Each structure stands twice: as structure tokens, then as C-alpha cells.
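Shown here is one chain on its own, the form deposited in one PDB entry, set out as C-alpha cells.
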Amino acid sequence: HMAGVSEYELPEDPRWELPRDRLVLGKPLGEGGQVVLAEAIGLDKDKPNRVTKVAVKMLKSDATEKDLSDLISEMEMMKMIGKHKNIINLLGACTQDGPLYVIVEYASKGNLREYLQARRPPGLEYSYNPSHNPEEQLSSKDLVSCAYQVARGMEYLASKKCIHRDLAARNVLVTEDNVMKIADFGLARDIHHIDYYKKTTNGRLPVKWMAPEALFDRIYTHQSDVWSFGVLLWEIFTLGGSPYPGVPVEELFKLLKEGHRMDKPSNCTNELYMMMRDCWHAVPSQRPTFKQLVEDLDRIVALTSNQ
């Protein structure tokens, strides 16, 4: 476990520091680290009487000293990377008079995976809609536009020397205005060899988004992120589909080595599928960059129908 919060010297930053009484705790948003919904009073000094819905990150009742440094690490990392419309930005923090709170932007519509699944057409082209409360079906343009925003955010993160290392639909959140925001891009990398078998609390296997070199040699770069983006693209056009269906984790090693790739999803243009194949190129140097991906997608968004 960890020592008292007072036992440690939390990084106090006047620009982001916010009084704890200015935060009105709400319902839990995520459990891993712990996130909860909250209402901040006067986040913007220019308007101290305005309330704003935000997400509050805090450690668990059972946290290690490393967990505290990791959280701080992400906070300072977000400051470094800066702000961008397509990423979950830092809003403030509480480093005094209580536990450490890292305030970030709130995405009312949850992660992209569940977002899409809830908007699956009754048709046959997709799996059955899991959501008990279906939503309006997205247009063809909406999906490509969704890919554009994600690639847009990654392009920015790439220009900031930031390597996500786990880009996936689950790691992309949707705002109330349907804006795509990449999350968990400032997390600290573990210094202990990974367990390709470990599964997330959501029952997700990170190995399915990892590039061959990142999976076999544990090498992470912007190129490996482009690979993940290729898998993310696959998820979009499958409306929250599961990568490599019916393929065991252990089998994934051989298959990927064989140069095998996922088949084009139903209702997916060949141009968009070729983009996925280019991202899934065997040679890192041959995969396209986020800069290019943003350009092609922009061109595609303008051509793609919205009806």
C-alpha cells in the first residue's frame, strides 16, 4: 500500500490548482485508478459562477506508492503535450487538503465501442445491437468523420512525441457534441515485462491491437500506433466489432507472423479497407503516417455520402 497523502509532496501548480470545495462529486464513471463525474464551480476564473461537468481521476483505497507517481506522471504529461480538440484534456487538479485529484474533460457518451454498438442498424451487415436503448443510426460520412477526428488527435499527439501504445475504440470517448477524444494517451509505461494473456477489467485483450514488433519485440513507436489505428478503423466499420474473431491469443502470434490480416468488414469501401491494410503493413517504415492518414481521410470525408 502507500503512505498518507501528506507523507508525499504533490506537485502544486498555480495554473491548474483548484480548491476541493469547488468540486461537487457525482456518480462513478470508470473503475480500474478511479474516475467519477463531478461539477466544478468556476473552472474558468473569467466566469466563477458557471458550473462545468468534468471527470475526476483519483487513486483507489488500496494504492501503491507507484500508483501515485503514475497519476502525477500523467498529469504532468498532459501539461507537456498541450491541448487539442480531439483528446481528453487536463482541466485542473487538487493537490492539497486531501487526496490527489486530476480533473480532465468529460465525455458524456462514453467510449466509442459502446457508442457504435448502440447505433447498429437492425440489418444483417452488423452483429445484433446489444444496447437496450438503441440510438439513431450513424451516416456513412459520420463514421469516416469519426475516423478523421481520431487520426487528427493522433497526428497531434505524434507531433508532440507522444506514443499512445494502446490506441483502440475503448480508449476513444465521445462528447455530448459527438466529438471524438482520445484518452489514456499520457499513461506511464510499465517497466516490467508484460503478460500477453492479461485482460482488462472490461474483458478486453490489449494484444489484439498491438503491432507485430510491439508484440514480439516489445517495440513501441508512432508506426506501431498506426497499426493500432488500423484495428481501430476496423472496429468503426464493424460498429464496435471484436478484432480477430474466433482467434485464440496464442494462435494470434503464428497467424500475424504468417502475414495474415482481418477481412474487410461488410459495408466498407475498398479504399477504406486498403487504408487498414497499409496500416497493418509488415514493415513499420512502410505504414503511412498520421499526417497522411489525416489527409486521405479528409478527402474521403468530403466524398463520402451523408445520406
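Throughout, rigid core stands for the largest set of C-alpha atoms superposing within 1.5 Å between the two forms. Don't overthink the numbering: it's just position in the shown sequence, from 1.
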Entries skipping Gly32: at least a third of other ones | yes
Between us, would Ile191 come up missing in a third or more of the other compared entries? yes
Per the entry, how many deposited residues between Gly32 and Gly33 lack coordinates? The answer is 1 to 3
The stretch whose C-alpha atoms carry the larger average B-factor in the entry, 253-261 or 47-55, is 253-261
Higher of the two mean Cα B-factors (92-100, 110-118; per PDB record) comes from 92-100
Highest CA B factor of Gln149, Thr201, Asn178, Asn171, as deposited, is found at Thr201
One of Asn270, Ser242, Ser69, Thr64 has the largest Cα B-factor in the entry, namely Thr64
Binned into thirds over the chain's modelled residues, the C-alpha B-factor of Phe185 lands in the lowest
Quick tally, chain-level thirds of C-alpha B-factors: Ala40 sits in the lowest
Quick tally, chain-level thirds of C-alpha B-factors: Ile194 sits in the highest
Chain thirds by Cα B factor, record data; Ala282 belongs to the lowest
Chain-relative C-alpha B factor for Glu135 (record values, thirds): the highest
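Below: the form deposited with a small molecule bound, not depicted.
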For the small molecule in the deposited complex, the stretch among 226-234, 139-147, 107-115, 212-220 with residues bearing a heavy atom within 4.5 Å is 107-115
In the deposited complex, does each of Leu10, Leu68 and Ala93 have a heavy atom within 4.5 Å of the small molecule? no
Answer key, the small molecule contact in the deposited complex at 4.5 Å (heavy atoms) among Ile41, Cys268, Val35, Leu252: the residue is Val35
Only hit among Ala63, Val247, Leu29, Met262 for heavy atom within 4.5 Å of the small molecule in the deposited complex is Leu29
_Non-hydrogen atom contact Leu173 with the small molecule in the deposited complex at 4.5 angstroms_ = yes
task = Answer yes if any heavy atom of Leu256 is within 4.5 Å of a heavy atom of the small molecule in the deposited complex; otherwise answer no.
result = no
### Query
Hey, in the deposited complex, does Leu167 get a heavy atom within 4.5 angstroms of the small molecule?
no
Open item on the list: So, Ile88 and the small molecule: in the deposited complex, are they within 4.5 Å at any heavy atom pair?
Closed with: yes
Just one entry of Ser108, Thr221, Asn178, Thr200 has its C-alpha move 2 Å or more between this form and the one not shown under rigid core superposition, and it is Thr200
Under comparison with the form shown, the C-alpha atoms of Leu100 and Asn202 in the deposited complex shift by 3 angstroms or more, placing them farther
